[PDB]
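Here you get one chain, nothing else, as C-alpha cells; it is the form deposited in one PDB entry.
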C-alpha cells in the first residue's frame, strides 16, 4: 500500500485510542484487509459493564475488541493486518498469531513483539 495510506490507518487507530476511558493507557486498533478497514477497537470495559473506569481485570485491550468484532463479522481475520497505537501484550500476541494476522504495525513500543515474530507474523514500527 502507498506510504500515506499506511499513515492514514495509524492515525485512525489513534482517533479511536482517544475514545477510550483508561487513564493509564489509551490504545486503538484497526483491522485492514484487501484495501478495506474491517474492524476497530479500543481499550476499556465491556458494553453494559457498570464502572466505566479501567488496572481492572475486566477491561479488554484494543486488539481484543477488534478481534471480537471480527468474530461477529462475516469477513475472515485471516490474511489481514493490524494497525495498533501500541505494541501488543503477550495475550493479544498469541491470538493475533493464531488468527492468521499477516502483519502488525505499531506506533508506540516487548515480549509480545518477539513472539509474533517467532510465530511468523511480520512487525513494523511507524
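Positions refer to the first chain, counted from 1.
One more form of this protein, deposited with a small molecule bound, exists but is not displayed; see below.
A residue is said to contact a partner when one of its heavy atoms sits within 4.5 Å of a partner heavy atom; residue 115 fails this definition for the small molecule in the deposited bound form, lying far away. None of the heavy atoms of residue 82 is located within 4.5 Å of the small molecule in the deposited bound form.
In the deposited bound form, the small molecule stays beyond 4.5 Å of every heavy atom belonging to residue 15.
In the deposited bound form, residue 77 stays away from the small molecule, with no heavy atom inside 4.5 Å.
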